[PDB]
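Chains as they are written, first to last, in PDB author numbering: chain B, 1 to 45, 47 to 48, 50 to 127, 129 to 153, 155 to 221, 225 to 275, 278 to 305; chain A, 1 to 45, 49 to 153, 155 to 168, 170 to 190, 192 to 305.
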Amino acid sequence: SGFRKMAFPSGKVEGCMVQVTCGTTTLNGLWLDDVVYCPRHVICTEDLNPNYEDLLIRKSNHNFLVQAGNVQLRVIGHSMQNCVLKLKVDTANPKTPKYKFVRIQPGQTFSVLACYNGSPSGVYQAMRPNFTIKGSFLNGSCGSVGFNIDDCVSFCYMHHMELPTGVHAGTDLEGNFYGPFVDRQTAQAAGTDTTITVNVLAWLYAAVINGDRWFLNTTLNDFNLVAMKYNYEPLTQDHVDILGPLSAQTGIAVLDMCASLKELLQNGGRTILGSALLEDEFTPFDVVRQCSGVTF
Amino acid sequence: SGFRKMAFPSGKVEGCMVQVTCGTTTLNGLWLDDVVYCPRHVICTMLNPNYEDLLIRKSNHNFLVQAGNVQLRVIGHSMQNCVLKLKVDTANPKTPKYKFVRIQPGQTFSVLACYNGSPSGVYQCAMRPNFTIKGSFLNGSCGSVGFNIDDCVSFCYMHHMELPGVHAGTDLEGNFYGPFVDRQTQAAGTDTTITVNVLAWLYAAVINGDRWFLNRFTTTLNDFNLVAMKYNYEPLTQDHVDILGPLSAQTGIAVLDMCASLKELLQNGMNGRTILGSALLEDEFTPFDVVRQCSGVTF
Ligand SMILES: *C(=O)c1ncc(Br)cc1OCc1ccc(Cl)c(Br)c1
Ligand SMILES: *C(=O)c1ncc(Br)cc1OCc1ccc(Cl)c(Br)c1
């Protein structure tokens, strides 16, 4: 029993972290087969408005110092795919897990292995609707990755920057930014964020599953009118079918839970799962995984 | 920037996790060198088990130890306090540098939750003052361990049981934390808040820009402690004050000043405001935890 914010076991990703060095700038990289992936701004020196194509031309393999623990690795080719730099090394990573690269959707969750100088510092478990993440990232963490595990690791996130507002932005493993952000040190606006409605519902189920039922007691269209006032993501029929298994195990219909949430937004000093705010960083899949103890 | 509850990277502990089966019972074990450690109730068919006389009826080959796909051969078995020790014929090639430590109430650690010898997830926990842990443990999780990392892994906790709904267990020598025993029958203490941790978390908040709670008062260790008692908070000691030094100097706020701010939050409540994204006072970060995260300690 009990319910915690749970990250995936991180060992399979630890053996993929490397230190990437270019000039003074060093950051974290991801060594998979014979390729090291890292943020392209590792080639940035005073360069606010980097012309990355121009900058990468001034650069040669020799200027790329990749360190895998102690041992250095030889760079034998380099390229830019959108905002990631791909450094072809001559040794395939022997600790390479089965993996895929994936682009997740707003509201889905993943584990971040926060890393500095190619070495793991900690791991924690959402992509916000506005495509930021509320993480814990210090200067030097660039290149840390987010991932889910299915024995196969789905890499979904590579950390690129700390925004002035204290939230963080990055790319999938093909270098496409999540959200409107660019890899320039300029002021950049994130959207209005919203609360992830189907995740809050999922967490209300985890609450019932763990014995916290006091919030129990509407219709889809009635609900979206109240949720829009409180800055909640609209709830779609897809979201309702996603919550189906939790409804089945609890015996509480999806639109009943939505009625419970309506009253919760209108009225508010009690706790739910020992929190005094509504949590939206648990997906329905997260709730099922933890409450039925999926292993890897 | 930002501040999360952060667990240690779990890979070194992942390579030590095994499955241990005895009759109808399967749980997790910790395999370091040529020894596997697991809860002794692995041999229980409970309510009031006579553990010595249940161990009598057991031989080495009654213990199935599985490491991934490999079967290990059990050449010895003994019981130390509430853990069972199983000698196997093959040292664990992946044994990290490790120590066994008994931690103190209010210290934190990472739990690698496990089923059938396989990991499910990792989360950061604190030993409550009543020596329970508010974990996430389903049936089968017994044997999962809690740890801190220094490249050395110090194991502090092994999961044993769910009380009627928090969690109880032992250090790696099999001594329970708290007054608990391994029978299905038990009242935990009164759970106080861990004051030095709440203080450190207020320091973390200040470091991250949340300063609205900073007040115009000071107080005294004794004046503060009187209020701590009233609100079921742990007494604050000079040792706690000295542990807060680095955070006091980094932020330039006297510990006793932070204490006065906390006194105002305890007496006036929070008024629907939040601190570091939480609308409660958090006490599962140690001063060390705050420092490691804010400075980026690696392993
Ligand atoms: C990012 O975390 C990072 N990591 C290592 C080093 Br050395 C420097 C870093 O920040 C540089 C940086 C460049 C461009 C942007 Cl947009 C940001 Br935000 C940070
Ligand atoms: C506990 O995690 C566990 N795991 C697998 C199996 Br099979 C049985 C388990 O516990 C049963 C049990 C024995 C003794 C106590 Cl004191 C408790 Br709670 C549970």
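All residues carry an ideal CB built from backbone N, CA and C; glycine is no exception.
Buried/exposed call for residue i, threshold 16 Cβ in 10 Å
i: residue 244 (chain A); result: exposed
i: residue 246 (chain A); result: buried
i: residue 280 (chain B); result: exposed
i: residue 50 (chain A); result: exposed
i: residue 288 (chain A); result: buried
i: residue 117 (chain A); result: buried
i: residue 71 (chain A); result: exposed
i: residue 14 (chain B); result: buried
i: residue 59 (chain B); result: exposed
i: residue 5 (chain B); result: buried
i: residue 228 (chain A); result: exposed
i: residue 127 (chain B); result: buried
i: residue 301 (chain B); result: exposed
i: residue 149 (chain A); result: buried
i: residue 173 (chain A); result: buried
i: residue 31 (chain A); result: buried
i: residue 11 (chain B); result: buried
i: residue 66 (chain B); result: buried
i: residue 193 (chain A); result: exposed
i: residue 73 (chain B); result: exposed
i: residue 226 (chain A); result: exposed
i: residue 278 (chain A); result: exposed
i: residue 144 (chain A); result: buried
i: residue 236 (chain B); result: exposed
i: residue 52 (chain B); result: buried
i: residue 201 (chain B); result: buried
i: residue 283 (chain B); result: exposed
i: residue 275 (chain A); result: exposed
Beta-carbon proximity check, residue i vs residue j, cutoff 7 Å
i: residue 166 (chain B); j: residue 140 (chain B); result: yes
i: residue 221 (chain A); j: residue 255 (chain A); result: no
i: residue 154 (chain B); j: residue 35 (chain B); result: Here chain B is numbered 153 followed immediately by 155, so the structure offers no position for residue 154 (chain B).
i: residue 95 (chain A); j: residue 77 (chain A); result: no
i: residue 231 (chain B); j: residue 292 (chain B); result: no
i: residue 16 (chain A); j: residue 42 (chain A); result: no
i: residue 190 (chain A); j: residue 239 (chain A); result: no
i: residue 112 (chain B); j: residue 151 (chain B); result: yes
i: residue 2 (chain A); j: residue 138 (chain B); result: yes
i: residue 122 (chain A); j: residue 305 (chain B); result: yes
i: residue 163 (chain A); j: residue 187 (chain A); result: no
i: residue 286 (chain A); j: residue 285 (chain B); result: yes
i: residue 68 (chain B); j: residue 57 (chain B); result: no
i: residue 83 (chain A); j: residue 179 (chain A); result: yes
i: residue 177 (chain B); j: residue 219 (chain B); result: no
i: residue 224 (chain A); j: residue 248 (chain A); result: no
Strand pairing of residue i, partner residues [DSSP]
i: residue 83 (chain A); result: A:86
i: residue 7 (chain B); result: A:125
i: residue 154 (chain A); result: Inspection of chain A shows residue 153 followed directly by residue 155; residue 154 (chain A) is thus not represented.
i: residue 213 (chain B); result: Residue 213 (chain B) is not bridged to any residue.
i: residue 230 (chain A); result: Looking at the DSSP assignment, residue 230 (chain A) forms no beta bridge with any residue, so it has no partner.
i: residue 39 (chain B); result: B:86
i: residue 112 (chain A); result: A:128
i: residue 28 (chain A); result: A:19
i: residue 117 (chain A); result: A:122
i: residue 163 (chain B); result: B:174
i: residue 284 (chain A); result: A:281
i: residue 102 (chain B); result: B:158
i: residue 107 (chain B); result: DSSP output for residue 107 (chain B) lists no bridge partner at all.
i: residue 75 (chain B); result: B:68
i: residue 199 (chain A); result: A:239
i: residue 154 (chain A); result: Missing here is residue 154 (chain A); chain A as given proceeds from 153 to 155 without the residues in between.
i: residue 136 (chain A); result: A:172
i: residue 313 (chain B); result: This structure cannot speak to residue 313 (chain B), because chain B is shown only from 1 to 305.
Integer-rounded CB distance, given that residue j should sit under 8 Å from residue i
i: residue 115 (chain A); j: residue 99 (chain B); result: Contact doesn't hold; Cβ gap of about 17 Å is too wide.
i: residue 134 (chain A); j: residue 170 (chain A); result: Not quite, the Cβ-Cβ distance comes to about 16 Å (not below 8 Å), so this is no contact.
i: residue 197 (chain A); j: residue 105 (chain A); result: About 20 Å; that fails the 8 Å criterion.
i: residue 86 (chain B); j: residue 38 (chain B); result: 7 Å
i: residue 257 (chain A); j: residue 209 (chain A); result: 6 Å
i: residue 299 (chain B); j: residue 124 (chain A); result: 7 Å
i: residue 206 (chain A); j: residue 261 (chain A); result: Between residue 261 (chain A) and residue 206 (chain A) the Cβ distance is about 10 Å, and since that is not below 8 Å, they are no contact.
i: residue 303 (chain A); j: residue 273 (chain A); result: That pair is no contact at about 35 Å.
Ligand 3 heavy atom lying under 6 Å from the CB of residue i
i: residue 30 (chain A); result: Ligands in the displayed structure: ligand 1 and ligand 2; ligand 3 is not one of them.
(message) Would the stretch 200-215 of chain B count as touching the stretch 248-262 of chain B if we require 3 or more Cβ pairs under 8 Å?
(response) yes
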